[PDB]
Amino acid sequence: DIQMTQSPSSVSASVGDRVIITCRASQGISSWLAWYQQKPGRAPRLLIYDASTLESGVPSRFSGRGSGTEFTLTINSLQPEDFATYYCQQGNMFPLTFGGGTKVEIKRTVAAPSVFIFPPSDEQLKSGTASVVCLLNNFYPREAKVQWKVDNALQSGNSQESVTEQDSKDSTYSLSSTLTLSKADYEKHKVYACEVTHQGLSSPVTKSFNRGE
Amino acid sequence: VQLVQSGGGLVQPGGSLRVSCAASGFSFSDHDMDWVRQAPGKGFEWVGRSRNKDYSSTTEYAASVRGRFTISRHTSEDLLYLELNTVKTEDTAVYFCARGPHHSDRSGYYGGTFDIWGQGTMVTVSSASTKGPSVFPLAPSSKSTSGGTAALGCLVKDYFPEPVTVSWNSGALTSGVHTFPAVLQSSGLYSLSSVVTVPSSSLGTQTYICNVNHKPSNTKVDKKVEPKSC
């Protein structure tokens, strides 16, 4: 019933930079606005209430201003720990209504990932299934490529990748990729390799191992 | 002031489920308590409010969930309930309990803001069945050793529904741990990995237990990841 327009949807800044986010209301809500910060996987946190009032415990760099139908939330010196999705909430009338949210990410110095390979444990092998895991650790930016090769035969259909949110300390990323074979298809082949492409590597890197070792 | 949530998990479409929240550190009676839901990869939507003992109609709901959801309180135990009757596919989300304004708060009659939220509870609407996970050590080796570090982890496989919680050494190892999001496999079961990179010199002295919790199936496994012998 009261629409909330939040902009931007997504923002990237460096450490120390000023980030601004605005919120638009369909009708005037006076000062009945709150701002929350949702770090991924956690619960939301109250940041600002009464449009401009800073809640105890929050760093003095956060600051909300505005009234009526136009509000803002500045973050003056962006810190790596300030990565989250930010939401405005309207408290003037029922239904309580939120903004669409704004995602805040860092921009950092390009970092190349560490590549680690994990063969199947004999535990998973007695059950009849084989899973080889490749891990990419602490890289930036987020784009990366992982190619599985079994006996130098590239693979599709038997693999699934997963990526993390940015770190709240070093603003980097991590990625696991899992290759799932059967104990039969696995024991047929010899060399299992993982070819990682990133822009922090002038050359693709390939971690291999031989089955049974 | 705290809020702890519980319940949830899987629920057949058209079924029922009760989600709860426990509050401590405050006079539960004197506060309004709302329910908010977040669809996966989406924003928050308000589900409803339970009023603070000065009301005779003690509840307000959003029109979208108004005919299927009932919000209630325990007679005396400081609990908040959210019973999702005749659930639909669009009701799969994380349900958060939050605390609203105090009965002396002038704004609270028509609306209000929150200050404390719960951790959330995942409500998955599906007609699959619960499966406990399998926990496999990803042992540290020369393949997982870089310079001055080794990476070891856990592979939690073939479980449903979501979520799964992974911790290392009862929560005391929080440096370098990377818990990955879960991927929905072809079978309809999820898999997630938990890795932690540690110093190589501690691998023969330090003990590494990953803790895996799957509350929907009531499965907990505390796995010893160990350097292979070879």
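Quick note: the coordinates plus some simple rules give every number you see, no bench work behind them. Every residue, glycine among them, receives a Cβ derived from its backbone with ideal geometry; neighbour counts consider all protein chains shown.
Observations
- Computed lengthening from A:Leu154 to A:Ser168, 0.36 nm per intervening residue step minus Cα-Cα distance: 1.5 nm
- For A:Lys169, a cut-off of 12 angstrom between C-alpha atoms picks up these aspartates and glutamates, skipping any fewer than 8 places away in its own chain: A:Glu81, A:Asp82.
- Estimated FRET transfer efficiency when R0 is 41 angstrom, pair A:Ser10-B:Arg18 (beta carbons, to 0.05): 0.65
- Distance between the modelled labels on A:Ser30 and B:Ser187, one decimal in nanometres: 5.8 nm (7 Å Cα→Cβ projection).
- Exceeding the 29 Å Cα-Cα cut-off - candidates A:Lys149/B:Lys228; A:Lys126/B:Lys131; A:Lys207/B:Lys42; A:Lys183/B:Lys131: A:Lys207/B:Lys42
- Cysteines having no other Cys beta carbon under 4.7 Å from their own, within the protein assembly as shown: B:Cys230
- Our estimate of slack between B:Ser202 and B:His74, defined as 0.36 nm per intervening residue step minus the Cα-Cα distance, is 41.1 nm.
- For the peptide A:148-160, the mean number of other protein chain Cβ atoms found within 10 angstrom of a residue's Cβ is 1.
- When only the Cβ of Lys, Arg, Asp and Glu is charged (+1, +1, -1, -1), the dipole of chain B relative to its Cα centre reaches about 580 debye.
- Look at the stretch B:139-149: the mean tally of other chain Cβ atoms within 10 Å of its residues' Cβ atoms is 4.
- Among A:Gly28, A:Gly91, A:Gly57: highest mean-square fluctuation, GNM of chain A, C-alpha pairs under 10 Å: A:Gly57
- Listed residues B:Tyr109, B:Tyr95, B:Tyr61, most fluctuating in chain B (Gaussian network, C-alpha, under 10 Å): B:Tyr109
- Inter-chain Cβ neighbour count for B:43-56, averaged per residue, equals 3 (cutoff 10 Å, partner chain atoms only).
- Cβ-derived FRET efficiency at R0 45 Å, A:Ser63 paired with A:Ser182, nearest 0.05: 0.20
- Between the C-alpha center of the range A:117-133 and that of the range B:1-45 there is a gap of 38 Å.
- Dipole of chain A, positive end: most advanced residue of A:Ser31, A:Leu181, A:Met93 [Cβ charges, Cα centre]: A:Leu181
- Centre separation in Å (Cα based) which lies between the range B:112-126 and the range B:172-203: 25
- For the pair B:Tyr55 and B:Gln119, a Förster radius of 41 Å applied to the C-beta separation gives a FRET efficiency near 0.90, rounded to the nearest 0.05.
- Inter-label distance, A:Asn210 to A:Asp122: 1.9 nm, where each label sits 7 Å from its Cα along the C-beta direction.
- A dipole drawn for the range B:2-125 from +1 and -1 charges on Cβ atoms has a positive end, and of B:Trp117, B:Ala39, B:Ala98 the residue lying farthest that way is B:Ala39.
- Each peptide in A:173-186, A:60-73, B:153-166 gets a packing score, the mean of other Cβ atoms within 10 Å over its residues, and the list from highest to lowest is B:153-166, A:173-186, A:60-73.
- The charge dipole of chain A, taken about the Cα centre with unit charges on the Cβ atoms of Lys, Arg (+1) and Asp, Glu (-1), comes to about 180 debye, rounded to the nearest 20.
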